[PDB]
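S.K.: Handing you this structure, nothing more for now.
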Amino acid sequence: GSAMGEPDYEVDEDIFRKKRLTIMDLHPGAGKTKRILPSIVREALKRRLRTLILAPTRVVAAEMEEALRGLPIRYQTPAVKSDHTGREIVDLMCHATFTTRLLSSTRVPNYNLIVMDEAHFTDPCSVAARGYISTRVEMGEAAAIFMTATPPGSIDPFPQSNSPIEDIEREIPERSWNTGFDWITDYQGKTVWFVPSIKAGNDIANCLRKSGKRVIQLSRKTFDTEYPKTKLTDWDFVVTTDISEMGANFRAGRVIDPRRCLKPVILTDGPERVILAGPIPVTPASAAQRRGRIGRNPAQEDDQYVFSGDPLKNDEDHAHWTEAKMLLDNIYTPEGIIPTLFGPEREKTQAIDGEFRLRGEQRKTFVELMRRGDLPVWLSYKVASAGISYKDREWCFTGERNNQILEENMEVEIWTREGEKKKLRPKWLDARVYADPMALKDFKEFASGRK
RNA sequence: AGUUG
């Protein structure tokens, strides 16, 4: 057994056998990170099992290092600094890092035990990883453990917690504001706010400060310098993307949650193209995980969860289901077998196994595009499967008249590397590379040939 | 749009 806080000295050998997938369904704040994860690793080390620990974000990656600090782990994430000898039999990294390395042809370790945390992560690389991991188990070469408070099929947005939570439905400002929302500022406790956009996050954060509030901003850009500020520093507000949706222990008093986001959607309707639909409600899983950031401390029983509107369970129009098969179809077991999606995530969309399998030269270009070009999974596949070399930027211009990209109501021109003036007009449309102005700047850099 | 290297 164990006291509150220390890991259990007893661990089921049940979970370490090959051909055995395990789903740990514990509710938020039950201590899968602070208690369970250490003892899984401690026992895995004892059994000398080559172990992989996958985290969805650098936030979860950080909260792991605290629990596992001192153990002989190799941390392969820019979120942790470790002194590693190189003889560790345990590797820690992010979901997408592992999918990346599977795709990047250099070979990866034959892990005996694979513990994925937050196994509900809807990221296309993450979904692909579960496909690989489930397949590795099914063939009997590995033991896997899928930890998540919101497993596939979870729909309750208000699950059990260490402390009572006051659920409150109030209208929430998507933008800056100046009067009507007095309850926001008047709250004399900490608050974690979940904004959809980094920008929507700064028009809010730079409005909260006007009322003399200390506001930390958290996202992929500012994680390294602002996340440790959350912990040992006292603050008023934390405005965050859903980089903190899972894992983060903020020790706050309230969660504000508009429950909205944009989502990539593949259109079958006409020529195929990707849009940025929304703003639309998040999923039952997400809302529960934003809510989970509070109500964790049993000594603090007046935590609040202000939210807005119902979540939407239906996410089949989302492109990450198609993009996940696109990634997974280009991954192989040593034994040759094509990895099939984790069973629970099977048939989220029309799929034929191997529909997206590429050949030779194409596969590397597809991987190359996602890495060297920062292009989305969909856009990369479409371009690569057309038999296009990675450096061949001709396709950024030979699209039809409707594929002309506009910026500030004017047709985008691109001065190329050899110096021609050609109109930006991609053969395939993906809104993710031209919606946000800075995303379009990158795409203008790409089509120039400066990427 | 987020996220990961």
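Neighbour counts are summed over all protein chains in view; Cβ atoms, including those assigned to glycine, are modelled from backbone coordinates with ideal geometry. Basis: the model, the stated rules and, where named, an outside source; none is laboratory data.
S.K.: Could you list all residues from segment A:416-443 that are in a loop (DSSP other than H, G, I, E, B) and either within 9 Å of RNA strand B (Cβ to nearest atom) or surrounded by 15 or more Cβ atoms within 10 Å (Cβ to Cβ) (or both)?
M.R.: Correct list: A:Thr416, A:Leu424, A:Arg425, A:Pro426, A:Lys427, A:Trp428, A:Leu429, A:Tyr434, A:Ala435, A:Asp436.
S.K.: If you go through segment A:8-25 one residue at a time, do you hit one that is within 28 Å of A:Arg251 (Cα to Cα), among the hydroxyl-bearing types (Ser, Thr, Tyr) and either surrounded by fewer than 19 Cβ atoms within 10 Å (Cβ to Cβ) or over 21 Å from the mean Cα position of the chain (by Cα) (or both)?
M.R.: Checked against the condition, which is being within 28 Å of A:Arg251 (Cα to Cα), among the hydroxyl-bearing types (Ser, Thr, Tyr) and either surrounded by fewer than 19 Cβ atoms within 10 Å (Cβ to Cβ) or over 21 Å from the mean Cα position of the chain (by Cα) (or both), segment A:8-25 yields at least one hit.
S.K.: May I pose another question? Kindly list, by first and then second residue, each pair from a residue in segment A:222-236 that is in contact (Cβ under 8 Å) with a residue 12 or more places away in the chain and not assigned by CATH to the domain that holds A:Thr57 to a residue that is outside any loop (DSSP other than H, G, I, E, B) and not small (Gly, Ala, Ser), limited to pairs with Cβ atoms under 6 Å and residues at least 6 apart or on different chains.
M.R.: Cβ pairs passing all conditions: A:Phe223/A:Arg58; A:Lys229/A:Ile216; A:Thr230/A:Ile216; A:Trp235/A:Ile216.
S.K.: Quick one: in segment A:83-96, which of the residues that are in contact (Cβ under 8 Å) with a residue 24 or more places away in the chain and of a type outside the set (A, V, I, L, M, F, W, C) is farthest from RNA strand B (Cβ to nearest atom)?
M.R.: Here the residue is A:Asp91.
S.K.: Same structure, new question: For segment A:1-115, please list each of the helices (runs of 4 or more DSSP H) lying entirely inside it that holds at least 2 residues being under 23 Å from A:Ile338 (Cα atoms).
M.R.: A:95-103
S.K.: On to the next question. Just one of A:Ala351, A:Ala447 is more than 16 Å from RNA strand B (Cβ to nearest atom) and within 30 Å of A:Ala144 (Cα to Cα); which is it?
M.R.: Unique residue meeting the criteria: A:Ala351.
S.K.: So, one more: Going through segment A:173-200 one residue at a time, which ones are among the hydroxyl-bearing types (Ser, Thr, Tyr) and not in a strand (DSSP E or B)?
M.R.: Scanning segment A:173-200 gives A:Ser176, A:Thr179, A:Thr185, A:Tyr187, A:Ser197.
S.K.: While we're here: Which residues, counting only those in segment A:104-133, are more than 17 Å from the chain's Cα centre (by Cα), surrounded by fewer than 22 Cβ atoms within 10 Å (Cβ to Cβ) and touching a residue at least 24 places away in the same chain (Cβ under 8 Å)?
M.R.: A:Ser104, A:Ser105, A:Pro109, A:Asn110, A:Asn112
S.K.: While we're here: Report, by residue number, each residue of segment A:244-262 that is surrounded by 21 or more Cβ atoms within 10 Å (Cβ to Cβ) and not basic (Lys, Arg).
M.R.: Those that are surrounded by 21 or more Cβ atoms within 10 Å (Cβ to Cβ) and not basic (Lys, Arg): A:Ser244, A:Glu245, A:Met246, A:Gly247, A:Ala248, A:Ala252, A:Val255, A:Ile256, A:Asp257, A:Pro258.
S.K.: Go through (1) away from RNA strand B (no atom under 13 Å from the Cβ); (2) more than 26 Å from A:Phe121 (Cβ to Cβ); (3) outside any loop (DSSP other than H, G, I, E, B) for A:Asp203 and report which single condition fails.
M.R.: (1)
S.K.: Out of (1) within 12 Å of RNA strand B (Cβ to nearest atom); (2) touching a residue at least 60 places away in the same chain (Cβ under 8 Å), what's the single condition that is false for A:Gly253?
M.R.: Answer for A:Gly253: the failing condition is (1).
S.K.: Same structure, new question: Any idea which of (1) surrounded by fewer than 14 Cβ atoms within 10 Å (Cβ to Cβ); (2) assigned to a loop (DSSP other than H, G, I, E, B) is the one A:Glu166 doesn't satisfy?
M.R.: The one condition A:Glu166 does not meet is (2).
S.K.: Just to be sure I understand, how many residues within segment A:368-389 are within 16 Å of RNA strand B (Cβ to nearest atom) and surrounded by fewer than 18 Cβ atoms within 10 Å (Cβ to Cβ)?
M.R.: Count: 4.
S.K.: Same structure, new question: Test A:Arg214 against the criterion of being closer than 17 Å to A:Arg254 by Cα and out of contact with any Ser or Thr (no Cβ under 6 Å at 6 or more places or on another chain), and give yes or no.
M.R.: In short, yes.
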